[PDB]
Every structure is written in structure tokens, then in C-alpha cells.
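J.: Please find the sequence and an experimentally derived structure below.
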Amino acid sequence: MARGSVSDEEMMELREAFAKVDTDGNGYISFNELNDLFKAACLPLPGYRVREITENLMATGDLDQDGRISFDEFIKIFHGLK
């Protein structure tokens, strides 16, 4: 797979933390892991912002693939840009 959004700096940091919480061995983390990863990665967005974006993401049909959250989703969520 090849895709990204966050700048090099973040991409490196965000990825670092994500992996630490991506022990699912599938490549994607879980809801709980996501939120924890956001705060663990020393991100700007608060705690509710993340939990909200997620619960609101699949709220329609974003995580309908299974319910998990791959690094890709996290990034697109951290930047919140098409």
C-alpha cells in the first residue's frame, strides 16, 4: 500500500505511535487504540474531537469495512481534508 497526507514530520510521528497501538497484526488499530494514539502522539486535536470524528465517521458508513481503523483513516482524520 502507498498513500499519505500528513507532512513528513507528522507521518513519522503519527506512524510511530499508531504502530505501537497497531498490535492487531492486521495493519489497522481499534477505536480505543485510535483515540489513545491521538493523545499519545501528542496531537493538537483534543480527546473528544477524535472520539467524535470516529464515532461520526462510521456513523454513516466509513468503517463499514469491519469497524477497525487503518493508519490511512487516522491520517485523513487528523488532517480532515479530502
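T.: Noted; the coordinates are in hand. Numbering: from 1, shown residues only.

J.: Could you use CA atoms for every contact and neighbour count after this?
T.: Noted.

J.: Nearest residue to the middle of the chain?
T.: By CA atoms, centre = their mean, the chain has its centre lying nearest to residue 74, at 2.1 Å.

J.: Give me the spatial nearest neighbour of that residue, chain neighbours excluded.
T.: residue 34 (7.4 Å; CA to CA, 6 or more residues apart in numbering).

J.: Give the burial count for the one you found, as a bare number.
T.: Neighbour count of residue 34, defined by other CA atoms under 10 Å: 25.

J.: That one touches residue 68, doesn't it?
T.: No. Using CA atoms under 8 Å as the test, residue 34 is too far from residue 68 to be in contact (9.3 Å).

J.: This protein: strands as residue ranges?
T.: Under the criterion DSSP state E, strands of the chain are mapped to 28-29, 69-70.

J.: The ones you listed: which one's closest to residue 12?
T.: strand 69-70 (15.5 Å; CA to CA).

J.: Adjacent strands (with direction) for that closest one?
T.: strand 28-29 (antiparallel) (DSSP bridges).

J.: Show me the contact partners of the strand it pairs with.
T.: Residues outside strand 28-29 that contact it (CA atoms under 8 Å, 6 or more residues apart in numbering) are 18, 21-23, 68-71.

J.: at 6 Å instead, please
T.: By CA atoms under 6 Å, 6 or more residues apart in numbering, the surrounding residues in contact with strand 28-29 are 22, 69-70.

J.: The residue lying farthest from the centre of the chain and residue 41: what is the separation?
T.: Distance from the C-alpha centroid of the chain, by CA atoms, centre = their mean, peaks at residue 60 (17.3 Å). Distance of residue 60 to residue 41, given as CA to CA, to the nearest Å: 27 Å.
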